[PDB]
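Structure data (PDB, C-alpha atoms) from model_25.pdb:
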ATOM      1  CA  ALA A   1       0.000   0.000   0.000  1.00  0.00           C
ATOM      2  CA  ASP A   2       0.953   3.660   0.173  1.00  0.00           C
ATOM      3  CA  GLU A   3       1.796   5.946   3.070  1.00  0.00           C
ATOM      4  CA  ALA A   4      -1.805   7.096   2.896  1.00  0.00           C
ATOM      5  CA  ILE A   5      -2.614   4.013   4.939  1.00  0.00           C
ATOM      6  CA  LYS A   6      -0.002   4.455   7.642  1.00  0.00           C
ATOM      7  CA  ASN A   7      -0.841   8.145   7.775  1.00  0.00           C
ATOM      8  CA  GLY A   8      -4.600   7.837   7.453  1.00  0.00           C
ATOM      9  CA  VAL A   9      -4.567   5.129  10.098  1.00  0.00           C
ATOM     10  CA  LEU A  10      -2.591   7.353  12.439  1.00  0.00           C
ATOM     11  CA  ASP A  11      -4.640  10.366  11.419  1.00  0.00           C
ATOM     12  CA  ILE A  12      -7.856   8.446  11.968  1.00  0.00           C
ATOM     13  CA  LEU A  13      -6.243   7.435  15.239  1.00  0.00           C
ATOM     14  CA  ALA A  14      -5.345  10.790  16.742  1.00  0.00           C
ATOM     15  CA  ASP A  15      -8.732  11.865  15.442  1.00  0.00           C
ATOM     16  CA  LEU A  16     -10.455   9.031  17.268  1.00  0.00           C
ATOM     17  CA  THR A  17      -8.792   9.809  20.577  1.00  0.00           C
ATOM     18  CA  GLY A  18      -9.513  13.447  19.817  1.00  0.00           C
ATOM     19  CA  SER A  19      -6.061  14.303  21.112  1.00  0.00           C
ATOM     20  CA  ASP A  20      -2.547  14.766  19.783  1.00  0.00           C
ATOM     21  CA  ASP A  21      -0.538  12.032  21.461  1.00  0.00           C
ATOM     22  CA  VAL A  22      -0.700   9.042  19.148  1.00  0.00           C
ATOM     23  CA  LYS A  23       0.111  11.304  16.226  1.00  0.00           C
ATOM     24  CA  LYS A  24       3.601  11.080  17.675  1.00  0.00           C
ATOM     25  CA  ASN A  25       4.001   8.242  20.146  1.00  0.00           C
ATOM     26  CA  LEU A  26       3.828   4.864  18.449  1.00  0.00           C
ATOM     27  CA  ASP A  27       3.012   2.973  21.623  1.00  0.00           C
ATOM     28  CA  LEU A  28       0.595   5.224  23.471  1.00  0.00           C
ATOM     29  CA  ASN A  29      -1.876   2.842  25.066  1.00  0.00           C
ATOM     30  CA  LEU A  30      -5.211   3.715  23.502  1.00  0.00           C
ATOM     31  CA  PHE A  31      -6.870   2.063  26.476  1.00  0.00           C
ATOM     32  CA  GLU A  32      -4.522   2.586  29.400  1.00  0.00           C
ATOM     33  CA  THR A  33      -4.500   6.234  28.394  1.00  0.00           C
ATOM     34  CA  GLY A  34      -8.278   6.443  28.459  1.00  0.00           C
ATOM     35  CA  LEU A  35      -8.135   7.855  24.950  1.00  0.00           C
ATOM     36  CA  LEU A  36     -10.071   4.815  23.793  1.00  0.00           C
ATOM     37  CA  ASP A  37     -12.450   2.387  25.460  1.00  0.00           C
ATOM     38  CA  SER A  38     -14.010   0.163  22.825  1.00  0.00           C
ATOM     39  CA  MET A  39     -16.646   2.115  20.937  1.00  0.00           C
ATOM     40  CA  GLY A  40     -13.784   3.918  19.239  1.00  0.00           C
ATOM     41  CA  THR A  41     -12.439   0.830  17.514  1.00  0.00           C
ATOM     42  CA  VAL A  42     -15.922   0.261  16.145  1.00  0.00           C
ATOM     43  CA  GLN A  43     -15.674   3.588  14.360  1.00  0.00           C
ATOM     44  CA  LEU A  44     -12.031   3.275  13.384  1.00  0.00           C
ATOM     45  CA  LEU A  45     -13.026  -0.059  11.893  1.00  0.00           C
ATOM     46  CA  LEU A  46     -15.675   1.696   9.838  1.00  0.00           C
ATOM     47  CA  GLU A  47     -12.884   3.743   8.304  1.00  0.00           C
ATOM     48  CA  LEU A  48     -10.600   0.726   8.351  1.00  0.00           C
ATOM     49  CA  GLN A  49     -13.192  -1.112   6.292  1.00  0.00           C
ATOM     50  CA  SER A  50     -13.520   1.655   3.730  1.00  0.00           C
ATOM     51  CA  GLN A  51     -10.077   2.991   2.899  1.00  0.00           C
ATOM     52  CA  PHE A  52      -8.451  -0.264   3.943  1.00  0.00           C
ATOM     53  CA  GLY A  53     -11.495  -2.497   3.667  1.00  0.00           C
ATOM     54  CA  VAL A  54     -10.130  -4.395   6.644  1.00  0.00           C
ATOM     55  CA  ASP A  55     -11.934  -7.438   7.991  1.00  0.00           C
ATOM     56  CA  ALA A  56     -10.722  -7.264  11.571  1.00  0.00           C
ATOM     57  CA  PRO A  57     -12.975  -8.887  14.182  1.00  0.00           C
ATOM     58  CA  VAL A  58     -14.707  -7.187  17.085  1.00  0.00           C
ATOM     59  CA  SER A  59     -16.529  -9.832  19.089  1.00  0.00           C
ATOM     60  CA  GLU A  60     -13.467 -10.338  21.256  1.00  0.00           C
ATOM     61  CA  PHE A  61     -10.177  -9.745  19.482  1.00  0.00           C
ATOM     62  CA  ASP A  62      -6.754  -9.022  20.926  1.00  0.00           C
ATOM     63  CA  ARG A  63      -7.451  -5.547  22.256  1.00  0.00           C
ATOM     64  CA  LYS A  64      -3.732  -5.603  22.956  1.00  0.00           C
ATOM     65  CA  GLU A  65      -3.225  -5.249  19.223  1.00  0.00           C
ATOM     66  CA  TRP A  66      -5.893  -2.572  19.030  1.00  0.00           C
ATOM     67  CA  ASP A  67      -4.471  -0.988  22.161  1.00  0.00           C
ATOM     68  CA  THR A  68      -1.547   0.662  20.415  1.00  0.00           C
ATOM     69  CA  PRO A  69      -1.180   2.478  17.084  1.00  0.00           C
ATOM     70  CA  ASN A  70       1.782   0.400  15.968  1.00  0.00           C
ATOM     71  CA  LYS A  71       0.145  -2.917  16.772  1.00  0.00           C
ATOM     72  CA  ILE A  72      -2.707  -1.519  14.715  1.00  0.00           C
ATOM     73  CA  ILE A  73      -0.662   0.012  11.921  1.00  0.00           C
ATOM     74  CA  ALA A  74       0.630  -3.531  11.606  1.00  0.00           C
ATOM     75  CA  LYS A  75      -2.824  -5.070  11.766  1.00  0.00           C
ATOM     76  CA  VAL A  76      -3.927  -2.734   8.999  1.00  0.00           C
ATOM     77  CA  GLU A  77      -0.819  -3.542   6.995  1.00  0.00           C
ATOM     78  CA  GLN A  78      -1.319  -7.233   7.665  1.00  0.00           C
ATOM     79  CA  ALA A  79      -4.879  -7.040   6.393  1.00  0.00           C
ATOM     80  CA  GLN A  80      -4.688  -5.318   3.028  1.00  0.00           C
TER      81      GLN A  80
END

Show how you would write the structure in this file as structure tokens.
Amino acid sequence: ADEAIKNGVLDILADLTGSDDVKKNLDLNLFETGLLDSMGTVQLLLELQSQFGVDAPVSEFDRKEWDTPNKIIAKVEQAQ
């Protein structure tokens, strides 16, 4: 893919949290930071299933992977 995925993902990330922390840090707990909770992923997925048409689960995935941006940036890259 292009950098529009790594960027968009991050962009859609910092946007999700509504803060400017993940935009930099590549290991800023999206859960331990309170930035995210769960409902966020749902949305992110919506955008992750449009620009990336990802097929990530939700029922009960490895939040650990959806806890950080990197772990995600990798999940998005390992989905395309």

- Compare A:28, A:16, A:9, A:22 by their minimum atom-to-atom distance to residue A:64, counting all atoms listed in the file, and give me the closest one.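 Of the candidates, the smallest distance to residue A:64 is held by A:28.
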
- Query: Pick from A:56, A:1, A:13, A:76: nearest to residue A:40, with all atoms listed in the file counted?
  - Reply: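 Among the listed residues, A:13 lies closest to residue A:40.
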
- Query: Do you know which residues the PyMOL selection byres ((chain A and resi 47) around 12) returns on this file, as a PyMOL selection string?
  - Reply: chain A and resi 5+8-13+15-16+40-46+48-56+76

- Coordinates-based distance that separates atom CA of residue A:59 from atom CA of residue A:25 (Å, one decimal):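 About the pair atom CA of residue A:25 and atom CA of residue A:59: they are 27.4 Å apart.
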
- Note on the structure: Between atom CA of residue A:68 and atom CA of residue A:27 lies a distance of 5.3 Å

- Which residue of A:65, A:26, A:73, A:37 approaches residue A:4 most closely, using only C-alpha atoms: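 Of all the options, A:73 lies closest to residue A:4.
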
- Message: I'd like the interatomic distance between atom CA of residue A:72 and atom CA of residue A:7, to a tenth of an Å.
- Response: 12.0 Å
